[PDB]
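Consider the single chain below, provided in structure tokens and representing the form deposited without the partner chain.
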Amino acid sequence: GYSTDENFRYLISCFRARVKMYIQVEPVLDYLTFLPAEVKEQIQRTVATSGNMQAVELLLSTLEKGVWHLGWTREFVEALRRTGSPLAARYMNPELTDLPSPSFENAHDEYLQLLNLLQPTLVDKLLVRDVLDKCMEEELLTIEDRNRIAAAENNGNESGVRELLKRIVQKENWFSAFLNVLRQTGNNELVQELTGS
């Protein structure tokens, strides 16, 4: 099969788990104009009720089944590239040019597991109000994602940091970028803790 629509369908099957963890589905719903106004509403409710990942699945499932205007697979991908989930944009491209090197994917895949084990220290010793502004210019947070972190920061610092960490790990080259924040931030102790050195 040499059709792009059918190729994109098969490429999801290979990567379906990775993309679900890499897609922020609330923003990407704006640029998906071809999606019916109904399905675009159901997906935003699936975010609220059954978690983001079961929303991205609904987003994906309704993308493949059902025809769309030719050239949508680039509209979808370009949406993901500019709604603060560029790493899923790497995987999603049918021509497969911009797929992160397997050294990168594996190395970050264990970097992500590393943060999960370090959240209790992070949520304690890291404070969002003094890292968000720096995090913006490193270009691993969008205006869309900055507001939520500032919004979640309302009910305590801890809930803010849990939101920041949930958000950076989808950005491209995020671990190296995240460290560049921490060392350029007053949390020079954490970067010792993250990599051990």
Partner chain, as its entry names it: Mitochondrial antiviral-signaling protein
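Residue numbers count along the first chain shown, from 1.
One more form of this protein should be noted, the form solved in complex with the partner chain, which is absent from this view; the next part is about it.
The partner chain in the entry with it bound is not approached by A88, whose heavy atoms all lie more than 4.5 angstroms from it.
At the 4.5 Å threshold, heavy atoms of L80 stay clear of the partner chain in the entry with it bound, well away from it. Although the partner chain is not shown here, in the entry with it bound the stretch 125-145 places heavy atoms of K125, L126, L127, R129, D130 within 4.5 Å of it, in sequence order.
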